[PDB]
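Backbone-built Cβ (ideal geometry, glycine too); neighbour counts: all protein chains shown. What follows is calculated from the coordinates using simple rules that are stated; it is not laboratory data.
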Protein chains: 2
Amino acid sequence: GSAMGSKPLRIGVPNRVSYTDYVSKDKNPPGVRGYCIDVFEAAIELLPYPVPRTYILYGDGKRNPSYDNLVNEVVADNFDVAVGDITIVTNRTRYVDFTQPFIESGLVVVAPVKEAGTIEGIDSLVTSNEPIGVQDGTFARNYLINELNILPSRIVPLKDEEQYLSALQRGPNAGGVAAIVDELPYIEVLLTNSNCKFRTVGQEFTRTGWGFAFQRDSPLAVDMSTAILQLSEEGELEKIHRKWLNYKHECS
Amino acid sequence: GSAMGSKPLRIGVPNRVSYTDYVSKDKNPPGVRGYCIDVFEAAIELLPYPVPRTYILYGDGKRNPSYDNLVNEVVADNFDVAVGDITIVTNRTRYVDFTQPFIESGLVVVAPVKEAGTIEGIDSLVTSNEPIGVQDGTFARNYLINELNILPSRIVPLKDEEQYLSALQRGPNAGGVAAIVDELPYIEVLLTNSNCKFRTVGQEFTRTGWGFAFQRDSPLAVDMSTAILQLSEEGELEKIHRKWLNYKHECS
Ligand SMILES: N[C@@H](CCC(=O)O)C(=O)O
Ligand SMILES: N[C@@H](CCC(=O)O)C(=O)O
């Protein structure tokens, strides 16, 4: 009581193997780095109390982990919060308190410039019956199946940037994919590093955001929402974005 | 107990005198109409329990009411929820539980096409020292003063579409304004009905959204966030948007 001090916050962080500028492991303390970590730390700093905290990596380090499962670790009280590129989707809001979003997100279709005549957006992709690439561990798999009625066998999980590019280059008739469905923040990074061979086709066809996932009725969730809005209004969210993400490439 | 039935939810609704397609009074029940009302009703319908509810108009019907005060009526327990075009801003999240946003929003600068050389965005507007138009009752007044360091005397409240157009047309040297600062959803409607005389200049320089404001720790807020995300993922949010807002005009 008098002798025994406070537990620290147990923060689950996805062990990303792709798009590591958003969030990834660090060899140095605090053991994690990236856009999402700097936003979380900047928001903590704005709180009117200290928040003793430890970061714990979630995932085998081979494939991006299940973000559905990361959030359920918060629900099961194995983490106090999940911090990272965590998409706010219906099934995840049921059991946790997400903050207000700290960045806007939504799904886009990426295809070769050559293929843009036949695959011109999500609707033409649905009807084509050709393979669709997605990241490991994304909500996008169950969104495509349940919302857009895609035959599960069509959805091909891809491990990293090499497999995203490789699958798009090989195409649907040579053990690749007709398109990748992923969130715009990841695709903005992919098109910076893919030499203008690939583009978005059609409209961004979902809209949501990334948020921090706290346990139901967490007072910390409420204050961190206020902090995030403060970061946004002060222009700090854009400053942190500019530090981690430049979207300018050699063919633009 | 056995005889006495449930209170209905007391829903505060802003009595808008401009941009009435977003939310406004109705001569017929339930006494309110608009985009924000249809989103709220569609979200209620998705809940796994009934929500007996009454809508109460907030504002004198002459000027748009203080949205800061509408939210504080929820805090003070005079309303159970505030429903309408309610911007999620730091000072409002302190005491209420906003839903996840049901539409994205942010501030833009509107100026005459002629004036676009001198007023080219928020930064040039700040330094110009000329009058700035805003709606009655908007968060944007205190955002401009506290965040962008605008002398309060420069901020000119305008009553309705007639005064928005009139003030922009008269300009800063004839009892008008150099520009209007307002949220993009309202400006999208203004530029549809202003004959291509006016345009946005520079980047959208804030990002947030509209949400429904529930009392702190409202379980209804949690379920309505899930419902809103469901509406978004099913494409119902866009269907309701298309019913109330068309942005196509005769010079486009
Ligand atoms: N942001 C995605 C995770 C992306 C991935 O699968 O690596 C989600 O929350 O589902
Ligand atoms: N959406 C604005 C209100 C606009 C108005 O002033 O009419 C707010 O929440 O502050």
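If A:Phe79 satisfies every condition in (1) within 16 Å of ligand 1 (Cβ to nearest atom); (2) within 14 Å of chain B (Cβ to nearest Cβ) but one, which is the exception?
(2)
Find the residue count for the stretch A:7-16, including only residues that are surrounded by fewer than 21 Cβ atoms within 10 Å (Cβ to Cβ) and part of a loop (DSSP other than H, G, I, E, B).
Step one: list which residues in the stretch A:7-16 are surrounded by fewer than 21 Cβ atoms within 10 Å (Cβ to Cβ), which gives A:7-10.
Checking the rest, the ones that are also part of a loop (DSSP other than H, G, I, E, B) come to A:7-8.
Summing the residues that are surrounded by fewer than 21 Cβ atoms within 10 Å (Cβ to Cβ) and part of a loop (DSSP other than H, G, I, E, B) in the stretch A:7-16 gives 2.
Listed here are the residues, each with its yes/no results for (1) under 13 Å from A:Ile103 (Cα atoms); (2) surrounded by fewer than 18 Cβ atoms within 10 Å (Cβ to Cβ).
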{"position": "A:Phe198", "(1), (2)": "no, no"}
{"position": "A:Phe212", "(1), (2)": "yes, no"}
{"position": "A:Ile228", "(1), (2)": "yes, no"}
{"position": "A:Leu237", "(1), (2)": "yes, no"}
{"position": "A:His241", "(1), (2)": "yes, yes"}
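Does the stretch B:157-172 include one or more residues that are under 30 Å from A:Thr208 (Cα atoms) and within 16 Å of ligand 2 (Cβ to nearest atom)?
Initial filter on the stretch B:157-172 (under 30 Å from A:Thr208 (Cα atoms)): none.
The answer is no, given that none of the residues of the stretch B:157-172 is under 30 Å from A:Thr208 (Cα atoms) and within 16 Å of ligand 2 (Cβ to nearest atom).
Kindly list the number of the only condition in (1) away from ligand 1 (no atom under 12 Å from the Cβ); (2) in contact (Cβ under 8 Å) with a residue 40 or more places away in the chain; (3) not basic (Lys, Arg) that fails for A:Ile86.
So the condition that A:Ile86 fails would be (1).
So which residues in the stretch A:81-94 are of a type outside the set (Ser, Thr, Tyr) and assigned to a helix (DSSP H, G or I), if there are any at all?
First pass over the stretch A:81-94, keeping only residues of a type outside the set (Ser, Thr, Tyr): A:81-86, A:88-89, A:91-92, A:94.
Passing the criteria: A:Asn91, A:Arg92.
Quick one: which residue in A:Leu144, A:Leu125 is in contact with a strand residue (DSSP E or B) (Cβ under 8 Å, 6 or more places away or on another chain), more than 30 Å from A:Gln230 (Cβ to Cβ), crowded, with 22+ Cβ neighbours inside 10 Å and within 14 Å of chain B (Cβ to nearest Cβ)? Can you show your working first?
Numbers: A:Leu125 fails: within 14 Å of chain B (Cβ to nearest Cβ).
The unique qualifying residue is A:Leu144.
Would you confirm whether any residue within the stretch B:190-197 is within 30 Å of B:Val222 (Cβ to Cβ) and within 15 Å of the chain's Cα centre (by Cα)? Lay out the reasoning, then the answer.
Residues of the stretch B:190-197 that are within 30 Å of B:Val222 (Cβ to Cβ), as a first pass: none.
Scanning the stretch B:190-197 turns up no residue that is within 30 Å of B:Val222 (Cβ to Cβ) and within 15 Å of the chain's Cα centre (by Cα).
I'd like to verify a number: residues in the stretch B:24-38 that are at positive phi and surrounded by 18 or more Cβ atoms within 10 Å (Cβ to Cβ), how many?
As a first pass, look at the stretch B:24-38 and keep what is at positive phi: B:31, B:34.
The next check asks that each one be surrounded by 18 or more Cβ atoms within 10 Å (Cβ to Cβ); those that pass are B:34.
Residues flagged as at positive phi and surrounded by 18 or more Cβ atoms within 10 Å (Cβ to Cβ) within the stretch B:24-38 amount to 1.
Go through the stretch B:132-169 and count every residue that is charged (D, E, K, R) and touching a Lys or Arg at 6+ places or on another chain (Cβ under 7 Å).
At the first step, the residues of the stretch B:132-169 found to be charged (D, E, K, R) are B:136, B:141, B:147, B:154, B:159-162.
Going one step further and asking which of them are touching a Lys or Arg at 6+ places or on another chain (Cβ under 7 Å), we end up with B:136, B:159.
Of the residues in that region, 2 qualify.
Restricting the search to the stretch B:199-236, which residues are over 16 Å from B:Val89 (Cα atoms), facing chain A (nearest Cβ under 8 Å) and either within 19 Å of the chain's Cα centre (by Cα) or in a helix (DSSP H, G or I) (or both)?
B:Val222, B:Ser225, B:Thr226, B:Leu229, B:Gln230, B:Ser232, B:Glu233, B:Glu234, listed by residue number.
Scanning for something within 16 Å of B:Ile88 (Cβ to Cβ), touching a strand residue (DSSP E or B) at 6+ places or on another chain (Cβ under 9 Å), away from ligand 1 (no atom under 16 Å from the Cβ) and not in a helix (DSSP H, G or I), does the stretch B:162-181 turn up at least one residue?
Going residue by residue through the stretch B:162-181, those that are within 16 Å of B:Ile88 (Cβ to Cβ) are none.
No, the conditions are met nowhere in the stretch B:162-181.
It is to be established whether one or more residues within the stretch B:95-118 are more than 18 Å from the chain's Cα centre (by Cα), free of Cβ contacts under 8 Å to residues at least 24 places away in the same chain, assigned to a loop (DSSP other than H, G, I, E, B) and within 14 Å of chain A (Cβ to nearest Cβ).
No, because not a single residue in the stretch B:95-118 is more than 18 Å from the chain's Cα centre (by Cα), free of Cβ contacts under 8 Å to residues at least 24 places away in the same chain, assigned to a loop (DSSP other than H, G, I, E, B) and within 14 Å of chain A (Cβ to nearest Cβ).
Could you list, in sequence order, all residues of the stretch A:118-141 that are farther than 19 Å from A:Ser166 by Cα and within 16 Å of ligand 1 (Cβ to nearest atom)?
If the condition is that a residue be farther than 19 Å from A:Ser166 by Cα and within 16 Å of ligand 1 (Cβ to nearest atom), then A:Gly137, A:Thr138, A:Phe139, A:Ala140, A:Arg141 are the ones that fit.
When A:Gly34 is evaluated against the numbered criteria (1) within 13 Å of A:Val81 (Cβ to Cβ); (2) within 15 Å of ligand 1 (Cβ to nearest atom), which criterion, by number, is the only one it fails?
Every listed condition holds for A:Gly34 apart from (1).
Could you tell me whether B:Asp68 is near ligand 2 (Cβ under 8 Å from one of its atoms) and not in a loop (DSSP other than H, G, I, E, B)? Outline the logic, then answer.
Values: near ligand 2 (Cβ under 8 Å from one of its atoms): yes; not in a loop (DSSP other than H, G, I, E, B): yes.
So B:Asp68 fits the description; yes.
If you check A:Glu162 against the conditions, is it of a type in the set (D, E, K, R), within 11 Å of chain B (Cβ to nearest Cβ) and surrounded by fewer than 18 Cβ atoms within 10 Å (Cβ to Cβ)?
On the way: of a type in the set (D, E, K, R): yes; within 11 Å of chain B (Cβ to nearest Cβ): no; surrounded by fewer than 18 Cβ atoms within 10 Å (Cβ to Cβ): yes.
No, not satisfied.
Do we have B:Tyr67 as buried (at least 20 other Cβ atoms within 10 Å of the Cβ), aromatic (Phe, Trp, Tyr), more than 17 Å from B:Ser194 (Cα to Cα) and more than 14 Å from chain A (Cβ to nearest Cβ) here? First the steps, then the outcome.
Values: buried (at least 20 other Cβ atoms within 10 Å of the Cβ): yes; aromatic (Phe, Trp, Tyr): yes; more than 17 Å from B:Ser194 (Cα to Cα): yes; more than 14 Å from chain A (Cβ to nearest Cβ): yes.
Yes; evaluated as a whole, the condition is true for this residue.
So, B:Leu184, is that one surrounded by fewer than 22 Cβ atoms within 10 Å (Cβ to Cβ), closer than 25 Å to A:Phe102 by Cβ, of a type in the set (A, V, I, L, M, F, W, C) and within 12 Å of ligand 2 (Cβ to nearest atom) or not?
Yes; evaluated as a whole, the condition is true for this residue.
Name, by its number, the condition in (1) in a loop (DSSP other than H, G, I, E, B); (2) in contact with a strand residue (DSSP E or B) (Cβ under 7 Å, 6 or more places away or on another chain); (3) closer than 30 Å to B:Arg216 by Cβ that does not hold for B:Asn78.
All conditions pass for B:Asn78, except number (2).
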